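A lone chain, given as structure tokens: the form solved without its partner chain.
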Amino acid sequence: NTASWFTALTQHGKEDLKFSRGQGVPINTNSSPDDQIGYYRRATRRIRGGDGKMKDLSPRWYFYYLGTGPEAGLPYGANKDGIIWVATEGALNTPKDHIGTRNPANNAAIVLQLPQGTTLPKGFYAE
């Protein structure tokens, strides 16, 4: 059982996460230009509120390299609710099994950083 290599982007507003073409891949100096491609997957947790009924928390969007993670089998551009795709110029459309996912027992998450000039929808924040 594994985890995203990066911390999540929390959705504070009504808009799903979306990036303009060529944007959205997190910075990771340990990966190469061919690897800069993947998807974000929405994870929506539920909690028992103060009243006593269940409710959704803010959705969290986690990045996974193409061909890894909970949707490792999906090809780039696959239509699936809660999955959005991103790729940098120069990336290769091949599975990134060599990067894989993170084992939290032996690796901390990488703080998710987006390069300068990256635009986001309302309610998401870039570090």
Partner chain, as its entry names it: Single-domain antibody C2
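Positions refer to the first chain, counted from 1.
Colleague: Look up the CA B-factors in the entry and say which stretch, 64 to 72 or 50 to 58, has the higher mean.
Modeller: Stretch with the greater average CA B-factor: 50 to 58.
Colleague: Going by the deposited entry, which of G38, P95, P26, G100 has the highest CA temperature factor?
Modeller: Largest recorded C-alpha B-factor: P95.
Colleague: Could you tell me which third, lowest, middle or highest, the C-alpha B-factor of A126 occupies within its chain?
Modeller: Highest third.
Colleague: Is the Cα B-factor recorded for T118 in the lowest, middle or highest third of its chain?
Modeller: Ranked within chain, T118 CA B lands in the middle tercile.
Colleague: Going by what the PDB entry lists, where does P104 fall on CA B-factor within its chain: lowest, middle or highest third?
Modeller: Within its chain, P104 is a lowest-third residue by C-alpha B-factor, going by the deposited values.
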